[PDB]
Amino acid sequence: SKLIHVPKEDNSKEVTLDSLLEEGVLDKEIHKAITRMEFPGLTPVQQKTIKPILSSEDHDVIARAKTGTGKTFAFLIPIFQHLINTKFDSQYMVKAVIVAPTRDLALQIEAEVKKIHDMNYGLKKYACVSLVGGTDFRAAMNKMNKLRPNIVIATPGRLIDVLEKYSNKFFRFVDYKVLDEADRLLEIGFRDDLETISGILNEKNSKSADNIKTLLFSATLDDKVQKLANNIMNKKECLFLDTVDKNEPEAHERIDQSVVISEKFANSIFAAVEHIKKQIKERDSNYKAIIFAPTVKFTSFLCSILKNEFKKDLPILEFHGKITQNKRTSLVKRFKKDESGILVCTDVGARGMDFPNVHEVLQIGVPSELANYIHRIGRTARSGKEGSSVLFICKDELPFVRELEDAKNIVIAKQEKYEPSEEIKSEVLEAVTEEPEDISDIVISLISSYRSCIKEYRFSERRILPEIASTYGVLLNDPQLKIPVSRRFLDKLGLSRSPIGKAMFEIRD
């Protein structure tokens, strides 16, 4: 269908809460709730999207704005207005369905909706319920029945679960569906779930199959995503509201980026330790940082190291998809509040999470996808604030850095080499309590991880994979020792006839 570009204008008139009120777009009660938050003004994306989203023109909306610039209220504000506009119609029915790629981002959006509620008790009648995995199903359904929300916030899995059983009871009058982190929800693995979600909401709608308007929001999207959303976009028009220039890099400009290039992968562990050590001394422990790692198992290992080194200076929080949902929520609650600390996580916390006044984002390794470089570093430098990022990689991961220039126009200025001293190696490795069996599982998880992104990051399989596997030897402090495996295991990997496989593993069967 037709895609109307609305690119960035640098001389247009500043839209405001006051102006939107007097103009007739915003009602007094929603103006009241947002004014009480005391924001200097509305953000560029907020100014650009609120009126169009509410416009009675029959169109979908795509919107791109940078990490930290308030996309959340860019959609929650217009949604509330629509609930006010139609307050007497279908008042016990879900009118807006917000979907997100992680549970913690679903729970964050709900939280923001609750913040709108607490700034105006009048808006509480427009109830909100979150349907996400890891929580009691029955209890959430009790909440749907008792509150009869007009807004649902969800992750795909649990939403499908609920839709297949209660789409008739709550979901026949949905008017808006929002895909936050849209580009991710349309990658393989979520796209089919979204298409099921969209298909059900469309079939079950009481007005028509094309009633629902669709809102796509992300810091990383182009026209390419309008093709992928094709099967879930009903309307004949689609506004593309852009606050970033066509060629301007998507990364937030205020973030001071740098990359530290080690000779081995494992060396990035020592680089990161020395860095955090230097920040704690220099900032007198006034340091809030997020450190990303490629896998659950390596993340867990990384926490052990950082605990041993830094627990006396700072709290170290472990955040990934194998942390139970109760703890995920509570530790997100803490790191939102805390002035200082290190959150160690996978890409579960790459997108959307809003942790105020993070000083630095650190990365050991590459992200799970190219776009996520941008989102990772976007956890810092939010709402006007400053921030730095350091990417810790090895020589063999440099093609990733090049691909950032080629595919995304991201040119990291600050680069430098790193080589660990024997003392840091001793300090870190002697504190490690993991058995060689545990160390194998961790390195093996890294081989798989790096194997997945070879084509995407243009890696040399013959160089990159032996370097990751040699991490096993470095951590046990015997560089020429190889990972003990069976022939049956080597055949699952499809490397029994590969020289690359001879370099990585030793058969100890």
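The numbering used is simple: start at 1 and walk along the sequence shown. If you superpose the two forms and keep the largest set of C-alpha atoms that fall within 1.5 Å, you have the rigid core.
Say the other structures are aligned on the rigid core; which stretch then has the higher CA RMS in 8 other deposited structures of this protein, 42-50 or 55-63?
Once the core is superposed, the stretch further away in 8 other deposited structures of this protein is 55-63.
If you average the CA temperature factors as listed in the entry, which stretch comes out higher, 6-14 or 21-29?
If you average the C-alpha B-factors of 21-29 and of 6-14, the larger mean comes out for 6-14.
160-168 or 432-440, whichever carries the higher mean Cα B-factor:
Higher mean C-alpha B-factor: 432-440.
What's the residue among 109, 221, 332, 99 with the greatest CA temperature factor in the PDB record?
That would be 221, according to the entry.
Taking the values straight from the PDB record, which of 300, 198, 346, 415 has the highest C-alpha temperature factor?
Highest CA B-factor of the listed options: 415.
Give the position of residue 252 by CA B-factor within its chain, expressed as the lowest, middle or highest third.
As the PDB entry reports it, the C-alpha B-factor of residue 252 lands in the highest third of its chain.
Would you mind checking where the Cα B-factor of residue 113 ranks among the modelled residues of its chain, as the lowest, middle or highest third?
Answer is lowest: the recorded C-alpha B-factor places it there.
Compare the C-alpha B factor of residue 44 with those of the other modelled residues in its chain, then answer lowest, middle or highest third.
Middle third of the chain for residue 44's C-alpha B-factor.
Which third of the chain does residue 484 land in by C-alpha B-factor: lowest, middle or highest?
CA B-factor rank for residue 484: highest third.
Quick check for you: using the entry's CA B-factors within this chain, is residue 351 in the lowest, middle or highest third?
Its C-alpha B-factor belongs to the lowest third of this chain's values.
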